[PDB]
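Participant: Data file upload09.cif (mmCIF, N, CA and C atoms) is appended below.
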data_final
#
loop_
_atom_site.label_atom_id
_atom_site.label_comp_id
_atom_site.auth_asym_id
_atom_site.auth_seq_id
_atom_site.Cartn_x
_atom_site.Cartn_y
_atom_site.Cartn_z
N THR W 1 -45.91 -283.47 -94.88
CA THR W 1 -47.31 -283.59 -95.40
C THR W 1 -48.26 -282.76 -94.53
N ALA W 2 -48.45 -281.51 -94.87
CA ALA W 2 -49.36 -280.65 -94.06
C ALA W 2 -48.93 -280.67 -92.59
N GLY W 3 -47.80 -280.09 -92.29
CA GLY W 3 -47.32 -280.07 -90.88
C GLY W 3 -46.87 -278.65 -90.51
N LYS W 4 -47.38 -277.66 -91.19
CA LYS W 4 -46.98 -276.26 -90.88
C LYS W 4 -47.34 -275.92 -89.43
N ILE W 5 -48.58 -276.13 -89.06
CA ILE W 5 -49.02 -275.82 -87.67
C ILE W 5 -48.69 -274.36 -87.31
N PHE W 6 -49.19 -273.88 -86.21
CA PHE W 6 -48.91 -272.48 -85.81
C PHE W 6 -48.73 -272.39 -84.29
N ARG W 7 -48.75 -271.20 -83.74
CA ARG W 7 -48.58 -271.06 -82.27
C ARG W 7 -48.91 -269.64 -81.83
N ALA W 8 -49.53 -269.49 -80.69
CA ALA W 8 -49.87 -268.12 -80.20
C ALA W 8 -48.75 -267.58 -79.31
N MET W 9 -48.72 -266.30 -79.08
CA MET W 9 -47.64 -265.72 -78.22
C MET W 9 -48.22 -264.70 -77.24
N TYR W 10 -49.52 -264.57 -77.18
CA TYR W 10 -50.13 -263.58 -76.24
C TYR W 10 -51.45 -264.12 -75.68
N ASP W 11 -51.96 -263.49 -74.66
CA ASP W 11 -53.25 -263.95 -74.07
C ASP W 11 -54.41 -263.15 -74.67
N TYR W 12 -54.76 -263.42 -75.90
CA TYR W 12 -55.87 -262.66 -76.54
C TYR W 12 -57.18 -262.88 -75.79
N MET W 13 -58.04 -261.90 -75.78
CA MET W 13 -59.34 -262.04 -75.08
C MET W 13 -60.47 -261.95 -76.12
N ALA W 14 -61.10 -263.05 -76.41
CA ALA W 14 -62.21 -263.04 -77.41
C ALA W 14 -63.20 -261.91 -77.11
N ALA W 15 -63.53 -261.12 -78.10
CA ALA W 15 -64.49 -260.00 -77.88
C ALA W 15 -65.92 -260.54 -77.90
N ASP W 16 -66.17 -261.55 -78.68
CA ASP W 16 -67.54 -262.13 -78.75
C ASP W 16 -67.46 -263.64 -79.02
N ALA W 17 -68.48 -264.21 -79.57
CA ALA W 17 -68.45 -265.68 -79.86
C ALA W 17 -67.89 -265.93 -81.26
N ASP W 18 -67.20 -264.97 -81.83
CA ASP W 18 -66.64 -265.15 -83.19
C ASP W 18 -65.13 -265.36 -83.13
N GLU W 19 -64.49 -264.93 -82.08
CA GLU W 19 -63.01 -265.11 -81.99
C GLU W 19 -62.69 -266.26 -81.04
N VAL W 20 -61.45 -266.39 -80.68
CA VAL W 20 -61.05 -267.48 -79.74
C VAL W 20 -60.17 -266.90 -78.62
N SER W 21 -59.91 -267.66 -77.59
CA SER W 21 -59.07 -267.13 -76.48
C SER W 21 -57.83 -268.01 -76.28
N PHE W 22 -56.86 -267.89 -77.14
CA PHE W 22 -55.63 -268.72 -76.99
C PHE W 22 -54.57 -267.93 -76.20
N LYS W 23 -53.74 -268.60 -75.45
CA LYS W 23 -52.71 -267.88 -74.66
C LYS W 23 -51.31 -268.16 -75.21
N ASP W 24 -50.33 -267.44 -74.75
CA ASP W 24 -48.93 -267.66 -75.24
C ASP W 24 -48.44 -269.05 -74.83
N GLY W 25 -48.05 -269.86 -75.77
CA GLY W 25 -47.56 -271.22 -75.43
C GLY W 25 -48.55 -272.26 -75.97
N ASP W 26 -49.78 -271.88 -76.16
CA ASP W 26 -50.79 -272.85 -76.68
C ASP W 26 -50.56 -273.08 -78.18
N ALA W 27 -50.98 -274.22 -78.68
CA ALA W 27 -50.79 -274.50 -80.13
C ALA W 27 -52.13 -274.48 -80.85
N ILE W 28 -52.11 -274.31 -82.15
CA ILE W 28 -53.38 -274.28 -82.92
C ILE W 28 -53.15 -274.88 -84.32
N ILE W 29 -54.20 -275.10 -85.06
CA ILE W 29 -54.02 -275.67 -86.43
C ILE W 29 -54.29 -274.57 -87.48
N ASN W 30 -55.03 -274.84 -88.52
CA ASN W 30 -55.28 -273.77 -89.54
C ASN W 30 -56.37 -274.21 -90.52
N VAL W 31 -57.61 -274.12 -90.12
CA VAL W 31 -58.72 -274.52 -91.03
C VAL W 31 -58.93 -273.45 -92.11
N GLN W 32 -58.58 -272.23 -91.82
CA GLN W 32 -58.76 -271.14 -92.83
C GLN W 32 -57.65 -270.10 -92.68
N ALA W 33 -57.66 -269.08 -93.50
CA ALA W 33 -56.61 -268.03 -93.41
C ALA W 33 -56.94 -266.86 -94.34
N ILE W 34 -57.42 -265.77 -93.80
CA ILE W 34 -57.75 -264.60 -94.65
C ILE W 34 -56.49 -263.81 -94.99
N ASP W 35 -55.44 -263.98 -94.22
CA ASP W 35 -54.17 -263.24 -94.49
C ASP W 35 -54.40 -261.73 -94.42
N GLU W 36 -53.36 -260.98 -94.14
CA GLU W 36 -53.46 -259.48 -94.04
C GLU W 36 -54.77 -259.05 -93.38
N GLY W 37 -55.21 -259.77 -92.37
CA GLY W 37 -56.48 -259.39 -91.69
C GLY W 37 -56.70 -260.29 -90.47
N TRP W 38 -57.23 -261.47 -90.66
CA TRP W 38 -57.47 -262.37 -89.50
C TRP W 38 -57.18 -263.82 -89.88
N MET W 39 -57.29 -264.73 -88.94
CA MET W 39 -57.01 -266.16 -89.25
C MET W 39 -58.15 -267.05 -88.74
N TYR W 40 -57.94 -268.33 -88.70
CA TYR W 40 -59.01 -269.25 -88.20
C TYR W 40 -58.43 -270.63 -87.89
N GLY W 41 -58.63 -271.11 -86.70
CA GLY W 41 -58.09 -272.45 -86.34
C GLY W 41 -58.83 -273.00 -85.12
N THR W 42 -58.54 -274.21 -84.73
CA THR W 42 -59.24 -274.80 -83.55
C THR W 42 -58.33 -274.75 -82.32
N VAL W 43 -58.74 -274.03 -81.31
CA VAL W 43 -57.90 -273.93 -80.08
C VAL W 43 -57.61 -275.33 -79.53
N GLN W 44 -56.40 -275.80 -79.67
CA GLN W 44 -56.06 -277.16 -79.17
C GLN W 44 -56.21 -277.21 -77.64
N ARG W 45 -56.31 -276.08 -76.99
CA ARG W 45 -56.46 -276.08 -75.51
C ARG W 45 -57.87 -276.53 -75.12
N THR W 46 -58.82 -276.35 -75.99
CA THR W 46 -60.22 -276.76 -75.66
C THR W 46 -60.89 -277.40 -76.88
N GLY W 47 -60.77 -276.78 -78.02
CA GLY W 47 -61.40 -277.36 -79.24
C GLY W 47 -62.36 -276.34 -79.88
N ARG W 48 -62.38 -275.13 -79.39
CA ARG W 48 -63.30 -274.11 -79.98
C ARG W 48 -62.69 -273.54 -81.26
N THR W 49 -63.50 -273.30 -82.26
CA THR W 49 -62.97 -272.74 -83.54
C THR W 49 -63.44 -271.29 -83.71
N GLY W 50 -62.53 -270.39 -83.99
CA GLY W 50 -62.93 -268.97 -84.17
C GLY W 50 -61.86 -268.22 -84.96
N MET W 51 -61.90 -266.92 -84.94
CA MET W 51 -60.90 -266.12 -85.70
C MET W 51 -59.73 -265.70 -84.79
N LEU W 52 -58.60 -265.40 -85.37
CA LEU W 52 -57.42 -264.98 -84.55
C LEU W 52 -56.71 -263.79 -85.22
N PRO W 53 -56.24 -262.87 -84.41
CA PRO W 53 -55.53 -261.69 -84.95
C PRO W 53 -54.14 -262.08 -85.44
N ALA W 54 -53.85 -261.87 -86.70
CA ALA W 54 -52.51 -262.24 -87.24
C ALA W 54 -51.40 -261.48 -86.51
N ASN W 55 -51.73 -260.40 -85.86
CA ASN W 55 -50.68 -259.62 -85.13
C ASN W 55 -50.37 -260.26 -83.77
N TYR W 56 -50.96 -261.39 -83.48
CA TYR W 56 -50.70 -262.05 -82.17
C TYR W 56 -50.06 -263.42 -82.39
N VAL W 57 -50.75 -264.31 -83.05
CA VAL W 57 -50.18 -265.67 -83.31
C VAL W 57 -49.19 -265.62 -84.47
N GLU W 58 -48.34 -266.61 -84.57
CA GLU W 58 -47.35 -266.63 -85.68
C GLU W 58 -47.02 -268.08 -86.06
N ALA W 59 -46.17 -268.27 -87.02
CA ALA W 59 -45.81 -269.66 -87.44
C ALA W 59 -44.55 -270.13 -86.70
N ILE W 60 -44.21 -271.38 -86.83
CA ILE W 60 -42.99 -271.90 -86.14
C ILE W 60 -42.34 -273.00 -86.98
#
Take the structure from the file and write it as structure tokens.

Facilitator:
Amino acid sequence: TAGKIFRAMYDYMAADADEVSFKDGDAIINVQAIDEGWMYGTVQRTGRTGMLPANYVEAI
């Protein structure tokens, strides 16, 4: 029942207040998903919500 969840694999560095800073090993959820472009979830490491590069995080 809605248990896809995701996971990051790199230490992305937010460029502004629109992205997030998740590191490899941290987990995240999925409030949105533009696909073929960027993503959106709440950093479980702190709770900030922003965009994420699909070329960094992946599913598990």

Participant: Can you list, as an MDAnalysis selection string, the residues that the PyMOL selection byres (((chain W and resi 54 and name CA) around 8) and name CA) selects here?

Facilitator: chainID W and resid 35:39 52:53 55:58

Participant: Please report the interatomic distance between atom N of residue 49 of chain W and atom N of residue 5 of chain W in Å with one decimal.

Facilitator: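 Spanning atom N of residue 49 of chain W to atom N of residue 5 of chain W is a straight-line distance of 16.6 Å.
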
Participant: What's the separation between atom N of residue 16 of chain W and atom N of residue 50 of chain W, in Å to one decimal place?

Facilitator: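 One can read the atom N of residue 16 of chain W to atom N of residue 50 of chain W distance as 10.9 Å.
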
Participant: Looking only at strand (DSSP E or B) from DSSP on the backbone, list the matching residues of chain W as a PyMOL selection string.

Facilitator: chain W and resi 6-7+19+27-28+32-33+38-42+49-53+58-59

Participant: Take the residues from that selection and put them in a file with N, CA and C atoms, as a compact mmCIF listing (two decimals), in the frame of the given file.

Facilitator:
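Written output follows (out03.txt):
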# COMPACT_ATOMS: atom_id res chain seq x y z
N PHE W 6 -49.19 -273.88 -86.21
CA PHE W 6 -48.91 -272.48 -85.81
C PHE W 6 -48.73 -272.39 -84.29
N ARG W 7 -48.75 -271.20 -83.74
CA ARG W 7 -48.58 -271.06 -82.27
C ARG W 7 -48.91 -269.64 -81.83
N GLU W 19 -64.49 -264.93 -82.08
CA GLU W 19 -63.01 -265.11 -81.99
C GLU W 19 -62.69 -266.26 -81.04
N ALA W 27 -50.98 -274.22 -78.68
CA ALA W 27 -50.79 -274.50 -80.13
C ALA W 27 -52.13 -274.48 -80.85
N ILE W 28 -52.11 -274.31 -82.15
CA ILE W 28 -53.38 -274.28 -82.92
C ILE W 28 -53.15 -274.88 -84.32
N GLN W 32 -58.58 -272.23 -91.82
CA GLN W 32 -58.76 -271.14 -92.83
C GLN W 32 -57.65 -270.10 -92.68
N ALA W 33 -57.66 -269.08 -93.50
CA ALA W 33 -56.61 -268.03 -93.41
C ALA W 33 -56.94 -266.86 -94.34
N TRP W 38 -57.23 -261.47 -90.66
CA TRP W 38 -57.47 -262.37 -89.50
C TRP W 38 -57.18 -263.82 -89.88
N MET W 39 -57.29 -264.73 -88.94
CA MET W 39 -57.01 -266.16 -89.25
C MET W 39 -58.15 -267.05 -88.74
N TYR W 40 -57.94 -268.33 -88.70
CA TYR W 40 -59.01 -269.25 -88.20
C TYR W 40 -58.43 -270.63 -87.89
N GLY W 41 -58.63 -271.11 -86.70
CA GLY W 41 -58.09 -272.45 -86.34
C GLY W 41 -58.83 -273.00 -85.12
N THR W 42 -58.54 -274.21 -84.73
CA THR W 42 -59.24 -274.80 -83.55
C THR W 42 -58.33 -274.75 -82.32
N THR W 49 -63.50 -273.30 -82.26
CA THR W 49 -62.97 -272.74 -83.54
C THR W 49 -63.44 -271.29 -83.71
N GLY W 50 -62.53 -270.39 -83.99
CA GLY W 50 -62.93 -268.97 -84.17
C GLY W 50 -61.86 -268.22 -84.96
N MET W 51 -61.90 -266.92 -84.94
CA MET W 51 -60.90 -266.12 -85.70
C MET W 51 -59.73 -265.70 -84.79
N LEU W 52 -58.60 -265.40 -85.37
CA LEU W 52 -57.42 -264.98 -84.55
C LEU W 52 -56.71 -263.79 -85.22
N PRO W 53 -56.24 -262.87 -84.41
CA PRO W 53 -55.53 -261.69 -84.95
C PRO W 53 -54.14 -262.08 -85.44
N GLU W 58 -48.34 -266.61 -84.57
CA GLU W 58 -47.35 -266.63 -85.68
C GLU W 58 -47.02 -268.08 -86.06
N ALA W 59 -46.17 -268.27 -87.02
CA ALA W 59 -45.81 -269.66 -87.44
C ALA W 59 -44.55 -270.13 -86.70

Participant: For the structure provided, state which residues fall under the PyMOL selection byres (((chain W and resi 18-21 and name CA) around 9) and name CA), and present them as number ranges by chain.

Facilitator: W: 11-17, 22-23, 40-43, 48-53

Participant: Which residues fall under the PyMOL selection byres ((chain W and resi 27) around 5) in this file, as a list in words?

Facilitator: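 Selection result, ordered by chain and number: residues 7, 25, 26, 28, 29 and 44 of chain W.
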
Participant: Print the selection's residues with N, CA and C atoms to a file, as a compact mmCIF listing (two decimals), in the frame of the given file.

Facilitator:
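Below is the file that was written, part_4.txt:
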# COMPACT_ATOMS: atom_id res chain seq x y z
N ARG W 7 -48.75 -271.20 -83.74
CA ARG W 7 -48.58 -271.06 -82.27
C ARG W 7 -48.91 -269.64 -81.83
N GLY W 25 -48.05 -269.86 -75.77
CA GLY W 25 -47.56 -271.22 -75.43
C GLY W 25 -48.55 -272.26 -75.97
N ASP W 26 -49.78 -271.88 -76.16
CA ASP W 26 -50.79 -272.85 -76.68
C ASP W 26 -50.56 -273.08 -78.18
N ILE W 28 -52.11 -274.31 -82.15
CA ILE W 28 -53.38 -274.28 -82.92
C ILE W 28 -53.15 -274.88 -84.32
N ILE W 29 -54.20 -275.10 -85.06
CA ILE W 29 -54.02 -275.67 -86.43
C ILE W 29 -54.29 -274.57 -87.48
N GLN W 44 -56.40 -275.80 -79.67
CA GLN W 44 -56.06 -277.16 -79.17
C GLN W 44 -56.21 -277.21 -77.64

Participant: So what do you get for atom N of residue 8 of chain W versus atom C of residue 24 of chain W, distance-wise?

Facilitator: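 A separation of 6.0 Å between them.
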
Participant: Please rebuild segment 15-39 of chain W with N, CA, C and O atoms and give the result as an mmCIF file, keeping the file's coordinate frame.

Facilitator:
data_model
loop_
_atom_site.group_PDB
_atom_site.id
_atom_site.type_symbol
_atom_site.label_atom_id
_atom_site.label_comp_id
_atom_site.auth_asym_id
_atom_site.auth_seq_id
_atom_site.Cartn_x
_atom_site.Cartn_y
_atom_site.Cartn_z
ATOM 1 N N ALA W 15 -63.530 -261.120 -78.100
ATOM 2 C CA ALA W 15 -64.490 -260.000 -77.880
ATOM 3 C C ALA W 15 -65.920 -260.540 -77.900
ATOM 4 O O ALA W 15 -66.795 -260.041 -77.212
ATOM 5 N N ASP W 16 -66.170 -261.550 -78.680
ATOM 6 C CA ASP W 16 -67.540 -262.130 -78.750
ATOM 7 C C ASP W 16 -67.460 -263.640 -79.020
ATOM 8 O O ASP W 16 -66.461 -264.269 -78.721
ATOM 9 N N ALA W 17 -68.480 -264.210 -79.570
ATOM 10 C CA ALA W 17 -68.450 -265.680 -79.860
ATOM 11 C C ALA W 17 -67.890 -265.930 -81.260
ATOM 12 O O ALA W 17 -68.081 -266.981 -81.839
ATOM 13 N N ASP W 18 -67.200 -264.970 -81.830
ATOM 14 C CA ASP W 18 -66.640 -265.150 -83.190
ATOM 15 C C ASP W 18 -65.130 -265.360 -83.130
ATOM 16 O O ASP W 18 -64.535 -265.914 -84.038
ATOM 17 N N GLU W 19 -64.490 -264.930 -82.080
ATOM 18 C CA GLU W 19 -63.010 -265.110 -81.990
ATOM 19 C C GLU W 19 -62.690 -266.260 -81.040
ATOM 20 O O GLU W 19 -63.553 -267.005 -80.617
ATOM 21 N N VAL W 20 -61.450 -266.390 -80.680
ATOM 22 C CA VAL W 20 -61.050 -267.480 -79.740
ATOM 23 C C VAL W 20 -60.170 -266.900 -78.620
ATOM 24 O O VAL W 20 -59.745 -265.764 -78.687
ATOM 25 N N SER W 21 -59.910 -267.660 -77.590
ATOM 26 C CA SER W 21 -59.070 -267.130 -76.480
ATOM 27 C C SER W 21 -57.830 -268.010 -76.280
ATOM 28 O O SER W 21 -57.754 -268.782 -75.343
ATOM 29 N N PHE W 22 -56.860 -267.890 -77.140
ATOM 30 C CA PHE W 22 -55.630 -268.720 -76.990
ATOM 31 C C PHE W 22 -54.570 -267.930 -76.200
ATOM 32 O O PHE W 22 -54.520 -266.715 -76.269
ATOM 33 N N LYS W 23 -53.740 -268.600 -75.450
ATOM 34 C CA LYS W 23 -52.710 -267.880 -74.660
ATOM 35 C C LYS W 23 -51.310 -268.160 -75.210
ATOM 36 O O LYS W 23 -51.120 -269.028 -76.047
ATOM 37 N N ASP W 24 -50.330 -267.440 -74.750
ATOM 38 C CA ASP W 24 -48.930 -267.660 -75.240
ATOM 39 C C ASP W 24 -48.440 -269.050 -74.830
ATOM 40 O O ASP W 24 -48.422 -269.387 -73.658
ATOM 41 N N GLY W 25 -48.050 -269.860 -75.770
ATOM 42 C CA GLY W 25 -47.560 -271.220 -75.430
ATOM 43 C C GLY W 25 -48.550 -272.260 -75.970
ATOM 44 O O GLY W 25 -48.190 -273.399 -76.217
ATOM 45 N N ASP W 26 -49.780 -271.880 -76.160
ATOM 46 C CA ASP W 26 -50.790 -272.850 -76.680
ATOM 47 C C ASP W 26 -50.560 -273.080 -78.180
ATOM 48 O O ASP W 26 -50.019 -272.249 -78.869
ATOM 49 N N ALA W 27 -50.980 -274.220 -78.680
ATOM 50 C CA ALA W 27 -50.790 -274.500 -80.130
ATOM 51 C C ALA W 27 -52.130 -274.480 -80.850
ATOM 52 O O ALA W 27 -53.183 -274.601 -80.250
ATOM 53 N N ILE W 28 -52.110 -274.310 -82.150
ATOM 54 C CA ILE W 28 -53.380 -274.280 -82.920
ATOM 55 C C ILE W 28 -53.150 -274.880 -84.320
ATOM 56 O O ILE W 28 -52.031 -275.116 -84.719
ATOM 57 N N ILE W 29 -54.200 -275.100 -85.060
ATOM 58 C CA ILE W 29 -54.020 -275.670 -86.430
ATOM 59 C C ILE W 29 -54.290 -274.570 -87.480
ATOM 60 O O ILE W 29 -53.808 -273.463 -87.330
ATOM 61 N N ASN W 30 -55.030 -274.840 -88.520
ATOM 62 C CA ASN W 30 -55.280 -273.770 -89.540
ATOM 63 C C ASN W 30 -56.370 -274.210 -90.520
ATOM 64 O O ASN W 30 -56.096 -274.633 -91.620
ATOM 65 N N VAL W 31 -57.610 -274.120 -90.120
ATOM 66 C CA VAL W 31 -58.720 -274.520 -91.030
ATOM 67 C C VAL W 31 -58.930 -273.450 -92.110
ATOM 68 O O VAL W 31 -59.406 -273.736 -93.192
ATOM 69 N N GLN W 32 -58.580 -272.230 -91.820
ATOM 70 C CA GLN W 32 -58.760 -271.140 -92.830
ATOM 71 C C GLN W 32 -57.650 -270.100 -92.680
ATOM 72 O O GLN W 32 -56.794 -270.201 -91.823
ATOM 73 N N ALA W 33 -57.660 -269.080 -93.500
ATOM 74 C CA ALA W 33 -56.610 -268.030 -93.410
ATOM 75 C C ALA W 33 -56.940 -266.860 -94.340
ATOM 76 O O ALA W 33 -56.759 -266.943 -95.541
ATOM 77 N N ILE W 34 -57.420 -265.770 -93.800
ATOM 78 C CA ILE W 34 -57.750 -264.600 -94.650
ATOM 79 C C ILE W 34 -56.490 -263.810 -94.990
ATOM 80 O O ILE W 34 -56.453 -263.044 -95.938
ATOM 81 N N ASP W 35 -55.440 -263.980 -94.220
ATOM 82 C CA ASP W 35 -54.170 -263.240 -94.490
ATOM 83 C C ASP W 35 -54.400 -261.730 -94.420
ATOM 84 O O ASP W 35 -55.501 -261.253 -94.610
ATOM 85 N N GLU W 36 -53.360 -260.980 -94.140
ATOM 86 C CA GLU W 36 -53.460 -259.480 -94.040
ATOM 87 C C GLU W 36 -54.770 -259.050 -93.380
ATOM 88 O O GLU W 36 -55.389 -258.082 -93.769
ATOM 89 N N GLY W 37 -55.210 -259.770 -92.370
ATOM 90 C CA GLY W 37 -56.480 -259.390 -91.690
ATOM 91 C C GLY W 37 -56.700 -260.290 -90.470
ATOM 92 O O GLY W 37 -56.388 -259.917 -89.354
ATOM 93 N N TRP W 38 -57.230 -261.470 -90.660
ATOM 94 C CA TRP W 38 -57.470 -262.370 -89.500
ATOM 95 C C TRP W 38 -57.180 -263.820 -89.880
ATOM 96 O O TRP W 38 -56.844 -264.123 -91.006
ATOM 97 N N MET W 39 -57.290 -264.730 -88.940
ATOM 98 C CA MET W 39 -57.010 -266.160 -89.250
ATOM 99 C C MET W 39 -58.150 -267.050 -88.740
ATOM 100 O O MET W 39 -59.209 -266.565 -88.381
#
